[PDB]
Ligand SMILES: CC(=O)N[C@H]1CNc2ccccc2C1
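Read the single chain below, which is given as structure tokens and is the form solved without this ligand.
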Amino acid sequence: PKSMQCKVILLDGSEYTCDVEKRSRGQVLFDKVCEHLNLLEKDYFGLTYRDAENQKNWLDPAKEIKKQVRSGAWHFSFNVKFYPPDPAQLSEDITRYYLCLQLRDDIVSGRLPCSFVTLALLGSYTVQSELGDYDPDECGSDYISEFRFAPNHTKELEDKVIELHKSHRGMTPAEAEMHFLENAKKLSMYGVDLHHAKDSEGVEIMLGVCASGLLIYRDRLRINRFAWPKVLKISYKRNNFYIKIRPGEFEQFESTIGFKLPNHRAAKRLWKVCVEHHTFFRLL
């Protein structure tokens, strides 16, 4: 029984290595990584790989790993797939922990834009969670944390992290992680998966996929939103993505909105993440 070596980048930046039978479904590898992480609330997470075009794809747990990675290396990342709008209601602290680690990467990467004050406040909770109570002995007037807090670090930002860290004396790691999440969950790009696209007129837009629905970013004043309940049918054909928008009261017909994606693979990927978000965040 032939086994393939799998390498998974964990959210703390370390590498987990295991073996699975070469005909294994994605669920097999996912279960091994989740057991390694002592993670029970597995439903919010998944594994990503890079396709032949270097695009991030979700590893489908129902399908063979080899028929997804195809010609590519068996290298993956462990990531949050469904960002909970209500992190307080997750049953375990360790779930909230992995969600914080993902969000810290969302912030440092620039995928999750954040004001100066929120960067400093999120930083201060991470520092409290990881070092515990503020200690002056560690930090002088010229202190710069090992912690990456932001896409661009400034001395002013480091100073504000410390000032807020001082206010958190006695806060437990679980408590600081919950505060991190209560702030992060409010950011306008929290849990928004962005896809480049063109509207039916050729104008360049972003489509955002998240808990509350499909978002269409056209300009800083032209932002459309389709709550999942208002979405009957999601389809793709060639380079095109389509959503069937439910008839308004007393309207005779559904409305159809069409987008142009860069290529057929980009259209399919957007369709799949939409269907998965629609299913997941249909109901409670």
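Sequential numbering from 1, following the sequence displayed. Throughout, rigid core stands for the largest set of C-alpha atoms superposing within 1.5 Å between the two forms.
Superposing on the core and measuring CA offsets in 9 other deposited structures of this protein, the stretch of 118 to 126 and 138 to 146 with the greater mean deviation is 138 to 146. When the other structures are laid on the shown form by the rigid core, the stretch among 36 to 44 and 51 to 59 with the greater C-alpha deviation in 9 other deposited structures of this protein turns out to be 51 to 59. In this crystal structure, the stretch out of 240 to 248 and 34 to 42 whose C-alpha atoms carry the higher mean B factor is 240 to 248.
Higher mean CA B-factor, judged across 110 to 118 and 210 to 218 from the recorded values: 210 to 218. Looking only at 85, 72, 123, 202, the residue with the top Cα B factor in the deposited structure is 202.
The PDB entry assigns its highest CA temperature factor, among 54, 68, 27, 48, to 54.
Residue 152: CA B factor lies in the highest third for its chain, per the PDB record.
When the CA B factors of the chain's modelled residues are split into thirds, the value for residue 91 lands in the middle one.
Residue-level temperature factors show residue 146 in the highest third of its chain, judged at the C-alpha atom.
The deposited CA B-factor of residue 99 belongs to the lowest third of values across its chain.
Looking at the C-alpha B-factors along this chain, the one for residue 62 belongs to the middle third.
Form deposited with this ligand bound: not shown, discussed below.
Interface residue among 225, 36, 238, 67 relative to this ligand in the deposited complex, by the heavy atom within 4.5 Å criterion: 225. When contacts are judged by a 4.5 Å heavy atom cut-off, residue 214 counts as touching this ligand in the deposited complex. Looking at residue 210, you'd find a heavy atom of it within 4.5 angstroms of this ligand in the deposited complex.
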